[PDB]
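Following this are structure 1 and structure 2, which are two forms of one protein chain, each written alone as C-alpha coordinates.
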Structure 1
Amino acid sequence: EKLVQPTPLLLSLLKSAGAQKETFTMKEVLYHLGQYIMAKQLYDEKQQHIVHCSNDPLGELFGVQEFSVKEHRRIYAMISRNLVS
(Lines of atoms letter the chains of each structure in order from A and count residues from 1; the text may use other names and numbers.)
(Lines give C-alpha, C1' and ligand atoms only; values in the text may rest on other atoms or scores of the structure.)
Protein backbone atom coordinates (compact mmCIF):
# COMPACT_ATOMS: atom_id res chain seq x y z
CA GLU A 1 0.00 0.00 0.00
CA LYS A 2 1.11 3.57 -0.64
CA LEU A 3 2.13 5.57 2.42
CA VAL A 4 0.99 9.18 2.12
CA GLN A 5 2.34 12.24 3.93
CA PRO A 6 -0.20 14.71 5.41
CA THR A 7 0.75 18.39 5.26
CA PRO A 8 1.06 20.47 8.50
CA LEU A 9 -2.57 21.26 9.35
CA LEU A 10 -3.98 17.84 8.45
CA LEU A 11 -1.17 16.06 10.31
CA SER A 12 -1.83 18.16 13.40
CA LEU A 13 -5.47 17.04 13.45
CA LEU A 14 -4.52 13.38 13.01
CA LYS A 15 -2.02 13.52 15.86
CA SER A 16 -4.54 15.24 18.13
CA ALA A 17 -6.79 12.24 17.53
CA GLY A 18 -4.04 9.77 18.41
CA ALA A 19 -1.86 9.36 15.31
CA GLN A 20 1.82 8.84 16.18
CA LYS A 21 3.68 8.92 12.86
CA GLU A 22 4.24 11.06 9.76
CA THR A 23 3.19 8.69 6.98
CA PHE A 24 0.05 6.56 6.70
CA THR A 25 -2.01 4.50 4.28
CA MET A 26 -5.12 6.37 3.15
CA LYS A 27 -7.14 3.99 5.32
CA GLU A 28 -5.18 5.11 8.39
CA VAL A 29 -5.49 8.81 7.50
CA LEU A 30 -9.24 8.43 7.18
CA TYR A 31 -9.54 6.41 10.40
CA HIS A 32 -7.71 9.10 12.36
CA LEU A 33 -9.73 11.90 10.77
CA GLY A 34 -12.87 10.04 11.78
CA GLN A 35 -11.55 9.80 15.34
CA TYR A 36 -10.86 13.55 15.28
CA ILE A 37 -14.44 14.23 14.21
CA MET A 38 -15.83 12.06 17.02
CA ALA A 39 -13.46 13.63 19.56
CA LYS A 40 -14.41 17.18 18.55
CA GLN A 41 -18.11 16.25 18.32
CA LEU A 42 -18.30 17.76 14.85
CA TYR A 43 -21.00 15.39 13.63
CA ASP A 44 -24.61 16.58 13.52
CA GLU A 45 -26.75 15.52 16.49
CA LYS A 46 -29.80 14.56 14.39
CA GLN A 47 -28.16 13.44 11.12
CA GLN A 48 -24.97 11.86 12.40
CA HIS A 49 -23.44 11.29 8.96
CA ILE A 50 -23.19 15.06 8.53
CA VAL A 51 -19.95 16.69 9.68
CA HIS A 52 -19.96 20.39 10.70
CA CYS A 53 -16.71 22.23 10.00
CA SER A 54 -17.78 25.88 10.21
CA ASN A 55 -16.68 26.18 13.85
CA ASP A 56 -13.51 24.06 13.63
CA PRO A 57 -10.05 24.33 11.98
CA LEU A 58 -11.09 21.36 9.82
CA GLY A 59 -13.22 23.91 7.97
CA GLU A 60 -10.07 25.42 6.47
CA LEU A 61 -9.65 22.27 4.38
CA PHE A 62 -13.11 22.37 2.77
CA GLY A 63 -14.87 24.81 0.47
CA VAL A 64 -18.35 23.79 1.56
CA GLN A 65 -18.36 23.81 5.38
CA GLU A 66 -20.53 20.70 5.71
CA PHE A 67 -19.77 17.29 4.26
CA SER A 68 -21.26 13.84 4.72
CA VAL A 69 -19.20 10.81 5.71
CA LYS A 70 -21.00 9.12 2.79
CA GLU A 71 -19.21 11.39 0.29
CA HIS A 72 -16.08 9.27 -0.05
CA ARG A 73 -14.88 10.72 -3.36
CA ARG A 74 -15.25 14.26 -1.99
CA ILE A 75 -13.41 13.35 1.21
CA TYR A 76 -10.59 11.71 -0.74
CA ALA A 77 -10.34 14.88 -2.83
CA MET A 78 -9.94 17.02 0.29
CA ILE A 79 -7.23 14.78 1.68
CA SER A 80 -5.33 14.79 -1.62
CA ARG A 81 -5.08 18.58 -1.46
CA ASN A 82 -3.41 18.07 1.91
CA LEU A 83 -0.73 15.53 1.08
CA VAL A 84 2.91 16.25 0.26
CA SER A 85 3.26 15.71 -3.49
Structure 2
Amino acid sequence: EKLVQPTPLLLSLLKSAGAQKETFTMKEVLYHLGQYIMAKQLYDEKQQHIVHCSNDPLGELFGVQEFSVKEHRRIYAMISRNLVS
Protein backbone atom coordinates (compact mmCIF):
# COMPACT_ATOMS: atom_id res chain seq x y z
CA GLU A 1 0.00 0.00 0.00
CA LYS A 2 3.12 2.16 -0.17
CA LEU A 3 3.51 4.36 -3.23
CA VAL A 4 7.09 5.23 -4.10
CA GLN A 5 8.47 8.12 -6.12
CA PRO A 6 11.26 7.45 -8.61
CA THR A 7 13.96 10.10 -8.94
CA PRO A 8 14.02 11.97 -12.25
CA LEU A 9 16.62 9.61 -13.73
CA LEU A 10 14.78 6.40 -12.86
CA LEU A 11 11.45 7.96 -13.82
CA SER A 12 12.79 8.70 -17.30
CA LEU A 13 13.64 5.01 -17.75
CA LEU A 14 10.21 3.92 -16.54
CA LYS A 15 8.44 6.31 -18.88
CA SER A 16 10.56 5.18 -21.83
CA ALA A 17 9.28 1.67 -21.03
CA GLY A 18 5.65 2.80 -21.09
CA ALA A 19 4.94 3.99 -17.54
CA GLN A 20 2.34 6.77 -17.34
CA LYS A 21 2.47 8.19 -13.81
CA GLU A 22 4.99 9.58 -11.33
CA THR A 23 4.39 7.29 -8.36
CA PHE A 24 4.08 3.53 -8.25
CA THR A 25 3.78 0.50 -6.03
CA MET A 26 7.08 -1.36 -5.85
CA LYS A 27 5.43 -4.08 -7.95
CA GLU A 28 4.70 -1.52 -10.66
CA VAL A 29 8.28 -0.27 -10.59
CA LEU A 30 9.51 -3.84 -11.01
CA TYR A 31 7.07 -4.37 -13.86
CA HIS A 32 8.12 -1.29 -15.79
CA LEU A 33 11.81 -1.98 -15.21
CA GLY A 34 11.24 -5.48 -16.56
CA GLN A 35 9.75 -3.91 -19.67
CA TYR A 36 12.70 -1.52 -19.88
CA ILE A 37 15.15 -4.40 -19.59
CA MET A 38 13.48 -6.26 -22.44
CA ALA A 39 13.18 -3.11 -24.57
CA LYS A 40 16.92 -2.48 -24.23
CA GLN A 41 17.73 -6.16 -24.79
CA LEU A 42 19.61 -6.42 -21.51
CA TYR A 43 18.21 -9.89 -20.79
CA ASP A 44 18.20 -13.11 -22.79
CA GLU A 45 15.56 -15.66 -21.87
CA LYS A 46 16.47 -19.24 -20.99
CA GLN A 47 20.17 -18.55 -20.46
CA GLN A 48 21.92 -17.54 -17.22
CA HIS A 49 19.15 -15.26 -15.91
CA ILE A 50 21.58 -12.33 -15.99
CA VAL A 51 20.81 -8.71 -16.81
CA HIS A 52 23.73 -7.24 -18.74
CA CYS A 53 23.65 -3.49 -18.24
CA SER A 54 27.26 -2.26 -18.29
CA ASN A 55 26.66 0.00 -21.30
CA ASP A 56 23.14 1.05 -20.36
CA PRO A 57 21.81 3.91 -18.23
CA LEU A 58 20.41 1.24 -15.90
CA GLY A 59 23.89 0.04 -15.04
CA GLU A 60 24.81 3.44 -13.59
CA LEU A 61 21.64 3.99 -11.57
CA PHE A 62 22.15 0.49 -10.17
CA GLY A 63 25.96 0.51 -10.21
CA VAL A 64 26.71 -2.77 -11.99
CA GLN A 65 27.90 -4.46 -15.18
CA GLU A 66 25.36 -7.19 -14.53
CA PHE A 67 23.15 -8.81 -11.93
CA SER A 68 21.06 -11.96 -11.64
CA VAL A 69 17.29 -11.54 -11.71
CA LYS A 70 17.21 -14.07 -8.87
CA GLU A 71 18.99 -11.63 -6.54
CA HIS A 72 15.82 -9.96 -5.32
CA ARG A 73 17.15 -8.34 -2.15
CA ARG A 74 19.91 -6.74 -4.19
CA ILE A 75 17.45 -5.54 -6.82
CA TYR A 76 15.19 -3.92 -4.22
CA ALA A 77 18.24 -2.17 -2.79
CA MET A 78 19.38 -0.93 -6.19
CA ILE A 79 15.91 0.39 -6.92
CA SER A 80 15.75 2.02 -3.50
CA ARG A 81 18.88 4.04 -4.34
CA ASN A 82 16.71 5.67 -6.97
CA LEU A 83 13.63 6.58 -4.97
CA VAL A 84 12.83 9.95 -3.41
CA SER A 85 10.17 8.76 -0.99
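Numbering for residues begins at 1 and runs along the sequence of structure 1. Only residues modelled in both forms are compared. Here, rigid core means the biggest group of C-alpha atoms that superpose within 1.5 Å across both forms.
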{"item": "Displaced residue check between structures 1 and 2: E60, CA, 2 Å or over, core reference", "value": "no"}
{"item": "Post core alignment: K27 C-alpha displaced by 2 Å or more between structures 1 and 2", "value": "no"}
{"item": "After superposing on the core, C-alpha shift for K46 between structures 1 and 2 in angstrom", "value": "6.5"}
{"item": "C-alpha positional change at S12 between structures 1 and 2 - rigid core reference, Å", "value": "0.5"}
{"item": "Segments displaced between structures 1 and 2 (3 or more residues, each Cα shift of 2 Å or more, core-superposed)", "value": "44-48, 62-64"}
